[PDB]
Each structure stands twice: as C-alpha cells, then as structure tokens.
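Q: From first to last, the protein sequence lines stand for chains A and B.
Throughout the first sequence, residue numbering follows the authors' numbering, covering 3 to 298 in sequence.
Throughout the second sequence, residue numbering follows the authors' numbering, covering 3 to 25, 30 to 298 in sequence.
The structure is given below, and queries will be raised subsequently.
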Amino acid sequence: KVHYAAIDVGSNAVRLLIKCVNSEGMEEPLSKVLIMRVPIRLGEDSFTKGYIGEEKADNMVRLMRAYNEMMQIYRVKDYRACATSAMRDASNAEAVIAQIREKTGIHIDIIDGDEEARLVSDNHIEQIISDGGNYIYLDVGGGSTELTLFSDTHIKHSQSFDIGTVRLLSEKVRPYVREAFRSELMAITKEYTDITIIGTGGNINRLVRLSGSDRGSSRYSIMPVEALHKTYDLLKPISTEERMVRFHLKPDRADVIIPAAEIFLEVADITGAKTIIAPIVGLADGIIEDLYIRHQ
Amino acid sequence: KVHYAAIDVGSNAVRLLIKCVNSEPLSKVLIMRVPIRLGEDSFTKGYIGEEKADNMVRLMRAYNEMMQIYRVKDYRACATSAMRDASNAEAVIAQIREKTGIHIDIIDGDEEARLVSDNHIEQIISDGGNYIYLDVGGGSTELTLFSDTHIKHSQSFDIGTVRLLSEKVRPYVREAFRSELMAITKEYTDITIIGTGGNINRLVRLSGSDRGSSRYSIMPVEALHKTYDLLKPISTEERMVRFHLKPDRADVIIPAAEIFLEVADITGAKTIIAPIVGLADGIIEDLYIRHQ
Ligand SMILES: [Mg+2]
Ligand SMILES: [Mg+2]
Ligand SMILES: [Mg+2]
Ligand SMILES: [Mg+2]
Ligand SMILES: [Mg+2]
Ligand SMILES: [Mg+2]
Ligand SMILES: [Mg+2]
C-alpha cells in the first residue's frame, strides 16, 4: 500500500510515474502502477527561443495540477520532480518553477547532466550487467543523451551530451558537440569489445515494438541492431504524418523517433554493438529508487 | 490543431482520450488510464463509496486540466456499468459537475454497445465475412454480430471482469450470453472475433501478437489459450512482477481471458483481431461527426 511518485520534466514529454512497494518475497521491490506521458515539448521553446514561453509555462502549471491530483489519489508517501535539458537551458527556468510551486505546490528540481546520468534504476542495471560484460546504458532524450559505460559489474565512464531528438529537429545542436560525442564512442571502442547497448527512452521503446522485438512474456525486450536498422529504413523516407497514421504513432513521437533511431544507430555503428536491451526503465524509475532507499 | 476528448468512466479504469483532426481523419495524441475500480464498490455495496467518489472528483479535475492544455473543441464523458448499478450515481455525478465542471452522461447498455469507432470496424469487416466485435469491461460485455458488412445483432450482458472477481455475475446472465453465442454459431460460420478492452491489448502482447509495424494485432485463439495457461496458476502478485502487469490489470486479466476463450470455444473462432480502439474512440467519432 506504499506508493512513491516521480515527475520527469524532460524536453519532449513530461511524465508522472507511480510505483508501489511490493511484498518481501517478490523479486523487484517496486512495481509500476501508473504512468502518464504528456508532450509539452519545452525544448521546442528552450532550444530555439532560449526560454520557456508563456503558453508552455501555463500548460506546465495545468499539468502539475493534474499530476498533483493523481499523486493525491494514490496517497503517495513521497515524490520528487526533476527537470533536465530544456529547463537547464531556459533563461527563465527559475521563474517558471517558482510559478509552478506558487500555483500547484509541486517543487521541481533542476538537475545537471551528471546527476541526470546517474538518476537511474541501479537495481535493474545491476541485474542486467552481472555477467561482467561490457554495456553502454544510453538514455536518448529530447535535449541530451546520457552514456554510461559498464564493465565487470562496475561503472567506468558516465557523461551527458547535448544531443537530443528535439534539439536535432530544431537544428540547434552546437558546433563540435557531435564530434566530441563520436570521439568519446571511439575511445570506448578502442578499449572495450563485445559491447551490449542498454537503451532507454520513449523512442527506443516504440522502436523495439515497431521492429518486432516487443517484450511480451519475456523478462526483457531484446532488439538486434539490424532489426532497428531495418525499422529505420522503413520510417525515414515517408513524411511524419504518414508515419503517424501508417504506424500508429502519436504526433509528438512520429517526428522525434527518426533522430532517436539515428542516435542509437550511430552508437551501435561505432561500438560494433549488435544488441540493444530495452528494460523499459528511465529517469523516473531512478527517482523512485532513490525515494525507496531513503525511506528504507 | 482541432482536438476532441472523451472521458470513459468504466468499472475498472477511468480513461481520458484526446485525438486531433488530421487531413484516418483522427489520430490519438493522449491517453490516460486511472484504476478507480468503481465496480468494486458498485457491484458489492450497490453504491459508490466516499473514497472512490472523492477520487473521481480528483480525477475529473486532472482530466479537465488536460482538456484545457489541448484547448479541446468538444468533449463527452460517459459512464457505464458501475455507475448504472450504483444507487447514488446521480448524486456523485451532480457533485462532480459542481466541483469540477465535467458533466458525465450515464448511458445504457444499448448505447454503450453502439458507441464505437465505426470507421475502424467498417474497414475490418469490408470483406463481408462474419465477425463478432466484443467489448469486455469490468461490469458488462457488449457483443455485436457483423455479416455482409451489416449489423445483425447487438447486445450488452452484465458480465465483466470486476463483476466476476466479486462473484456477482447473475447465473441467468451467463446462460443468456451462452445461448446467444450458440444461436450465432448455429447460423454463421467462419467467425472472426474483433476484441477490445484494456485486457485484450495486454493479452495480445503477452501472446507474442503485438502489431508493431503491421496494421492490426492478430492473435490466434490458440496463443491466447497458452497465455492463459501461463498466467492462471500463478498468484496475482507474482504475475504483476513476472509479466510486468500493473496491479489493477493483473487480477482482471484472468476473467477477461476466460470470457474471450468462451466466445471462441462456442463459436469456433480461430482468430482475434485487436484494433486497439474502444468506447472512447466511439465518443470522439461522434463528436467529430457532430462538428463536420
Ligand atoms: Mg529525460
Ligand atoms: Mg536528457
Ligand atoms: Mg539513485
Ligand atoms: Mg467500458
Ligand atoms: Mg461495460
Ligand atoms: Mg478487453
Ligand atoms: Mg457513433
């Protein structure tokens, strides 16, 4: 009956996640009970205007009220709300957040890239990487991409890069950012072989399903990089509203799925990774793991 | 640029669906699903309890905020089996309207049966084959028989997942469901089931029949039967963890499978098409028709 909630204020959708604490004998201590995903796309303002415009600020207030009602319905014990790239990069970020407290009671923390990269479900990663192999946990968002290297059950390198789906669509990725990202991947490939990608983000979960790799009754959904590539070639050459209708994609997903696939494919090409494991956890899950640990 | 919303006040989850007008005429942009499980109160106590009614007010506030975010042109909120059966339904709805601005219509089972996306059904049945469109809810199940592209029968039965878990399904209703299914089978061959509900969409994925890049998810009944045998013996909580089911889904998925398997066993249907549309899509179709 204990519930925790996380609010993930990213650069495309803004999410609410609620999880329950399970019984002791169960495997995972925590199970998802409710997930909401609302496409405010703050990054569309942030990365092109430099600030959050009034329409999205007001919609964020409305959304935070809605998520507050939902947290009240589940009588959640504790929560945290984090915002990432699009709020980091907005000049009026503090004003927008203060309006949201005043009007809704919800307190949003702005977290930097480093905190973002480590705000993960270590419990899920620990179990995936326990064979001691080499893994790259890759979170592709709307404004940034976090890469964490795992080898021999131990964390080796963790970095945030300002390449994301909405920033790419807006054509606002800045000089030398792609190059630095490529250079980091090559230094990883020179030193780590047989890399498996652990892919997270709303885009990779939809890609895994479009490519025929849905989890189903399995513990993990596992997508070959070749399956992703074939799916990419299917999606790239048609327009976005045709992608919507033909493949049952929400409008806020049908455009960003392309640069998302391109990021994963670049990472896979450089590292020679053949497999993407998609555990369907993300930043919200990492918030709830922290909350669970805090309260024991 | 134009958005319509539907609020579907069911007996297990309470849903918000928002679609945009394209230039399919309508695309899904937002879906929210919150498990109030009104039927747990209604089919047992015969009214909505105060906790669930308070949560309904909270929920309609949240969905109203969502509808404001999308500047929706029009909406409709419909309530079905659990509200029909609750003695204080109109009081709860009047208070919801006063406190939130959301007006909920209580619809009867005939209206519920026909409150569907006829645009999607029309495409699935255009070859003129025999189809049963089946909506399995928490409180009632709607059956519509299609043949030669025409509607041949439409009926609602007070059999649902939450009503079954509560052991409140009247035996006479089970007999009527079976008799109608037998009369259909006597008269129509080569039946395909068109299945809808939150439960069927999940059972489709567990059975390895997710659509992904296909137009429709198509599950052989044999695969549903194996998925049922995988899920049944396990405890509700283990299913939750092992098969990644939300708690409000991990119990009702069993009687939902059983309803679908009974339909398939009696009619001999080999296939279930799951087009991932439901009552909420039917509301939005109606709103779109009204404003065209
Ligand atoms: Mg993010
Ligand atoms: Mg990010
Ligand atoms: Mg942590
Ligand atoms: Mg229903
Ligand atoms: Mg019903
Ligand atoms: Mg169903
Ligand atoms: Mg209609």
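Quick reminder that beta carbons are idealized off the backbone N, C-alpha and C, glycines included.
Return the bridge partner residues of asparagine 136 of chain B from the DSSP annotation.
A: According to DSSP, which records beta bridges pairwise, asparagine 136 of chain B is partnered with B:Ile197.
Q: Rounded to a whole number of angstroms, what is the C-alpha to C-alpha distance between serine 123 of chain B and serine 132 of chain B?
A: Cα-Cα distance, rounded: 14 Å.
Q: Please decide whether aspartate 124 of chain B counts as near chain A, where near means a Cβ-Cβ distance under 8 Å.
A: Not an interface residue.
Q: Using beta carbons (cut-off 8 Å, strictly below), is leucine 285 of chain A in contact with chain B?
A: Chain B, which has no Cβ nearer than 8 Å to the Cβ of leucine 285 of chain A, makes this no.
Q: Would you say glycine 134 of chain A touches ligand 5, meaning its beta carbon is less than 7 Å from a heavy atom?
A: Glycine 134 of chain A: no, Cβ never under 7 Å from ligand 5.
Q: Is there at least one non-hydrogen atom of ligand 4 closer than 7 Å to the beta-carbon of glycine 12 of chain B?
A: Yes - ligand 4 has a heavy atom lying nearer than 7 Å to the Cβ of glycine 12 of chain B.
Q: Is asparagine 207 of chain A close to chain B, meaning its C-beta is less than 8 Å from at least one C-beta of that chain?
A: Not closer than 8 Å to any Cβ of chain B, the Cβ of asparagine 207 of chain A fails to qualify, so no.
Q: Taking all protein chains shown into account, do 16 or more other C-beta atoms lie within 10 angstroms of the C-beta of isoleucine 295 of chain B, making it buried, or fewer, making it exposed?
A: It is exposed - the Cβ of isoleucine 295 of chain B has fewer than 16 other Cβ atoms within 10 Å.
Q: Taking C-alpha atoms, which residue in B:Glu291, B:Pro226, B:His297, B:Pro281 lies nearest to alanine 270 of chain B?
A: Of the candidates B:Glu291, B:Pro226, B:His297, B:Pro281, the one whose C-alpha sits nearest the C-alpha of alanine 270 of chain B is B:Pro226.
Q: Against chain A, with Cβ distances strictly below 8 Å, would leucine 44 of chain B count as a contact?
A: Not an interface residue.
Q: Starting from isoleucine 37 of chain A, trace the beta strand (DSSP E) both ways and give me its first and last residue.
A: 32–40 is the extent of the beta strand (DSSP E) around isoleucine 37 of chain A.
Q: So, do the region 8–15 of chain B and the region 138–155 of chain B have three or more beta carbon pairs nearer to each other than 8 Å?
A: The region 8–15 of chain B is in contact with the region 138–155 of chain B.
Q: With hydrogens ignored, establish whether the beta-carbon of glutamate 57 of chain A is closer than 7 Å to any heavy atom of ligand 2.
A: No, since every heavy atom of ligand 2 falls outside the 7 Å radius drawn around the Cβ of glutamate 57 of chain A.
Q: Going by DSSP, what residues sit across from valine 258 of chain B in a beta bridge?
A: DSSP lists no partner for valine 258 of chain B.
Q: Taking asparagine 14 of chain B as the query, report the chain A residues whose CB atoms sit under 9 Å from its CB, ordered along the chain.
A: Residues of chain A passing the Cβ test: none, with the nearest at roughly 13 Å.
Q: Taking the continuous alpha helix (DSSP H) assigned at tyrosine 294 of chain A, which residues delimit it?
A: Residues 285–296.
Q: What does the Cβ neighbour count give for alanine 262 of chain B, buried or exposed, with the cut at 16 atoms within 10 Å?
A: With 16 or more Cβ atoms within 10 Å of its Cβ, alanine 262 of chain B is classed as buried.
Q: Say yes only if the C-beta of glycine 143 of chain B is nearer than 7 Å to one or more non-hydrogen atoms of ligand 5, and no if none qualify.
A: It does: the Cβ of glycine 143 of chain B is within 7 Å (strictly closer) of some heavy atom of ligand 5.
Q: Can you tell me whether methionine 73 of chain A is buried or exposed? The criterion is at least 16 other CB atoms within 10 Å of its CB, across all chains shown.
A: With 16 or more Cβ atoms within 10 Å of its Cβ, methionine 73 of chain A is classed as buried.
Q: Hey, how far is the Cα of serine 93 of chain A from the Cα of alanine 59 of chain A?
A: About 13 Å.
Q: Quick check: the Cα distance between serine 215 of chain A and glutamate 244 of chain A, rounded to an integer number of angstroms?
A: So the two alpha carbons sit approximately 22 Å from each other.
Q: Do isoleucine 113 of chain A and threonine 150 of chain A come within 8 Å of each other at the CB atom, strictly closer than that value?
A: No, these two residues do not count as a Cβ contact at 8 Å.
Q: Under DSSP, the beta strand (DSSP E) around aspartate 111 of chain B begins and ends at which residues?
A: From DSSP, the beta strand (DSSP E) with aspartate 111 of chain B extends over 110–112.
Q: Three or more C-beta pairs closer than 8 Å, one from the region 248–258 of chain B and one from the region 197–211 of chain B: is that the case here?
A: Result yes; three or more Cβ-Cβ pairs closer than 8 Å.
Q: Within 8 Å, do at least three Cβ pairs link the region 37–55 of chain A to the region 158–171 of chain A?
A: Yes, the region 158–171 of chain A is in contact with the region 37–55 of chain A.
Q: So, is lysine 34 of chain B buried or exposed, given that buried needs 16 or more other C-beta atoms within 10 angstroms?
A: Counting Cβ neighbours within 10 Å, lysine 34 of chain B comes out buried, since at least 16 surround it.
Q: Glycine 214 of chain B versus chain A: which residues are under 7 Å apart at the beta carbon?
A: Correct list: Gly218.
Q: Quick one: does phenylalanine 152 of chain B have its CB under 8 Å from some CB of chain A?
A: With 8 Å as the cut-off, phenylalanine 152 of chain B does not count as an interface residue toward chain A.
Q: Assuming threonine 106 of chain A contacts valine 63 of chain A under a Cβ cut-off of 8 Å, what Cβ separation, rounded to an integer in Å, is found between them?
A: Confirmed, about 6 Å.
Q: Within a Cβ cutoff of 7 Å, which residues of the same chain sit near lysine 238 of chain A, ignoring the five residues on either side of it in sequence?
A: Closer than 7 Å at Cβ, skipping near neighbours: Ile260.
Q: Tell me whether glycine 166 of chain A, by its Cβ, gets closer than 7 Å to a heavy atom of ligand 2.
A: Within the cutoff, so yes.
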